[PDB]
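Participant: Got an experimental structure here, sequence first:
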Amino acid sequence: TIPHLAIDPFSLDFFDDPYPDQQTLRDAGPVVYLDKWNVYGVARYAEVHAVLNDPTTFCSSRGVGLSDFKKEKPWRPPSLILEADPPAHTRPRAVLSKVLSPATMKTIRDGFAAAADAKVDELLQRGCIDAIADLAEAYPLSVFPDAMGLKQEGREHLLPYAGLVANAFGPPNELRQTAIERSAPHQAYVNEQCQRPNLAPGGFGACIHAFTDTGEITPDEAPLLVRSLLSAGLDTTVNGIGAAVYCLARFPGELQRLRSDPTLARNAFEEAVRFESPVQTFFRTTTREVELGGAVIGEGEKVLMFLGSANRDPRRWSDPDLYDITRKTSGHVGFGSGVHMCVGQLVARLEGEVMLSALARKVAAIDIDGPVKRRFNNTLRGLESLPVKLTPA
Ligand code: HEM
Ligand SMILES: COc1ccc(C(=O)O)cc1
Ligand SMILES: [Cl-]
């Protein structure tokens, strides 16, 4: 009934160009079986969206990577939000929602925007820059650790720790083995910064620790909730901003439209998230026998969701392989969907919007002028190097 495929969605050849294999996964059927890892797969928008929005059947508390926490010990203590189901998910989620609230975004937006404008101004003085290291990485590193309340020392551990977490969702391949081998110094830094004395007043971390008296979370849960923001709060924003710059460099007609109307900045970033989906995949585990796409999936099975493929599914999107900054992006699953939908999405969108706004106002052309290098990770898509020449407006 359900087709079996030998495609390894965690192989370097797949990461190098995933789009043809994603069509093969979509067109084989609504539900596929991936013999390489003994998991079910869904690559069309409909089933990906359905799975995301049925958390009681497709649970997260047995892990959202390949490993099933009922069979293997997690490599680190489970996230209290990502790797929890309702009802235990619910109140920690509320605390993170309030810490990263619209009111919080309003407090920090002017400073985030000034830092974006300053970065672009600085980059225009140099002309030829690496849009990853010098822009997509440098800008989030210039705002988010300070907004967390982190000290200056040790911040070089943030991106490595985040890449470790993302690689550890994958199967036990070399990317995962090597990440875990190298983990100890990054993990030691991150866990220490999660303690209350180490988070500056008013920042995201301090506000989590201040939220420990309402009956929603306890003081001993605050360090792991800070850990969630330190795990997730940087590298996908980096990849999304780098993707937007890549798209504006590859599709100059869209940079021309963005320049003509800088209010398209927010949707231009949202479209970049759909187009390049910084998080390519997440898993769920079935809690019961379930019918999905005409298939009967037993209890205790891993289901791999292809978010990036769902965001390029022609069953859902017109011209899905075109970058269109005026596209109606609502409903894309680059941030997930449902109760786990990215609690930090307002932070990522704020950073992406104000960076693209600075580019829209200050830059006339973005020309690739060197070899583009891909960054490989079991669950993240992104670039390692993006040499561009920036021409001032
Ligand atoms: C473009 C940037 C980002 C992308 C593409 C992204 C992607 C995602 C996705 C797809 C999920 C759903 C997980 C699931 O369904 O199992 C998620 C959840 C989450 N994200 Fe993000 N994210 C981004 C930025 C951020 C930022 C900036 C933060 C923190 C400031 C963050 C923190 C979290 C957390 C804590 C969760 C777990 C929420 C829950 O389980 O209820 N993310 N993210
Ligand atoms: C990749 O997205 C996430 C989301 C949450 C967490 C976490 O809660 O630690 C890590 C990565
Ligand atoms: Cl850890």
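Facilitator: It's in. Numbering: from 1, shown residues only. Ligands and ions are numbered 1, 2, ... in the order given.
Participant: Could you say which helix or strand holds residue 317?
Facilitator: Using DSSP states H and E, residue 317 maps to neither a helix nor a strand.
Participant: who's in contact with residue 155?
Facilitator: 141, 145 (Cβ atoms under 8 Å, 6 or more residues apart in numbering). Every residue, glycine included, has its C-beta placed from N, CA and C.
Participant: Against residue 18, how distant is it?
Facilitator: According to Cβ to Cβ, to the nearest Å, residue 155 stands 31 Å off from residue 18.
Participant: and residue 145, that one's in a strand?
Facilitator: No: if the criterion is DSSP: H, G, I helix; E, B strand; the rest coil, then residue 145 is helix and not within a strand.
Participant: now it, nearest residue through space, not along the chain?
Facilitator: residue 155 (5.3 Å; Cβ to Cβ, 6 or more residues apart in numbering).
Participant: Equivalent analysis for residue 275, please.
Facilitator: Sequence neighbours aside, residue 323 is the residue nearest to residue 275 in space, at 5.2 Å (criterion: Cβ to Cβ, 6+ apart).
Participant: Show me which residues of the stretch 101-250 of the chain are close to ligand 2?
Facilitator: 165-166, 228, 231-232 (Cβ under 6 Å from any ligand atom).
Participant: farthest pair in those?
Facilitator: Greatest spatial distance in those: 166 and 228, 13.3 Å, computed using Cβ to Cβ.
Participant: ok, these two, which is more surrounded?
Facilitator: residue 166 (26 against 21; other Cβ atoms under 10 Å).
Participant: where does the more buried one land in three-state SS?
Facilitator: The three-state label given to residue 166 by three-state DSSP is helix.
Participant: was I right about it contacting residue 380?
Facilitator: Yes: using Cβ atoms under 8 Å, residue 166 is in contact with residue 380, at 4.8 Å.
Participant: Please enumerate the shared neighbours of those two.
Facilitator: Jointly contacting residue 166 and residue 380 under the rule Cβ under 8 Å, 6+ apart are residue 235.
Participant: Disregarding residues adjacent in the polypeptide, which is nearest to the closest residue to ligand 3 within the stretch 1-150 of the chain?
Facilitator: Taking Cβ to the ion, ligand 3 has its nearest neighbour within the stretch 1-150 of the chain at residue 76, 3.4 Å off. Beyond its immediate neighbours in the sequence, the residue positioned closest to residue 76 (Cβ to Cβ, 6+ apart) is residue 187, lying 7.2 Å away.
Participant: which parts of the host helix or strand of the one you found are buried?
Facilitator: Assigned by DSSP H and E, residue 187 belongs to helix 184-193. Using 16 or more other Cβ atoms under 10 Å as the test for burial, helix 184-193 gives 186-187, 189-191, 193.
Participant: contacting residues for the residue in the stretch 101-250 of the chain that ligand 3 sits nearest to?
Facilitator: Relative to ligand 3, the nearest point of the stretch 101-250 of the chain is residue 187 (4.2 Å; Cβ to the ion). Shown in contact with residue 187 (Cβ under 8 Å, 6+ apart): 76, 161, 164.
Participant: so what does the longest helix anywhere in the chain touch, helix or strand wise?
Facilitator: Across the chain, the longest stretch assigned as helix under DSSP state H is helix 102-126. Counting contacts by 3 or more Cβ pairs under 8 Å, 6 or more residues apart in numbering; DSSP states H and E, helix 102-126 packs against helix 138-148, helix 345-362, strand 387-392.
Participant: Can you tell me the strand partners of whichever helix or strand comes after that helix and which way each runs?
Facilitator: Per DSSP H and E, the first helix or strand lying C-terminal to helix 102-126 is strand 128-130. Applying DSSP bridges, strand 128-130 is found paired with strand 387-392 (antiparallel).
Participant: roughly how far apart are residue 73 and ligand 1?
Facilitator: 20 Å (Cβ to the nearest ligand atom, to the nearest Å).
Participant: let me fix that: residue 245
Facilitator: 14 Å.
Participant: distance of that residue from residue 293?
Facilitator: 37 Å.
Participant: what's the answer for residue 106, then?
Facilitator: 42 Å.
Participant: Then residue 190?
Facilitator: The gap separating residue 190 from residue 293 is 39 Å, by Cβ to Cβ.
Participant: swap in residue 109?
Facilitator: In terms of Cβ to Cβ, residue 109 sits 42 Å off from residue 293.
Participant: of these two, who's got more company?
Facilitator: residue 293 (17 against 13).
Participant: who are the neighbours in contact with the more buried one?
Facilitator: Listed by Cβ under 8 Å, 6+ apart, the contact set of residue 293 reads 29-31, 42, 47.
Participant: repeat for residue 225
Facilitator: Counting by Cβ under 8 Å, 6+ apart, residue 225 touches 80-81, 92, 95-96, 208, 217.
Participant: That one sits in which helix or strand?
Facilitator: Residue 225 belongs to helix 222-232 when assigned by DSSP H and E.
Participant: Give me the phi and psi for the closest residue to ligand 2 within the stretch 251-393 of the chain.
Facilitator: Using Cβ to the nearest ligand atom, the single residue of the stretch 251-393 of the chain nearest to ligand 2 is residue 279, 5.5 Å away. Backbone torsions for residue 279, taken as degrees, to the nearest 10, come to phi -90, psi 110.
Participant: Can you tell me how far it is from residue 292?
Facilitator: Taking Cβ to Cβ, one finds residue 279 at 21 Å from residue 292.
Participant: what about those two, which has more around it?
Facilitator: A direct count of neighbours by other Cβ under 10 Å for residue 279 and residue 292 places residue 279 higher, at 25 against 20.
Participant: hang on, that one packs against residue 306?
Facilitator: No: taking Cβ under 8 Å as the definition, residue 279 is not a contact partner of residue 306, at 10.7 Å.
Participant: Sounds good, over and out.
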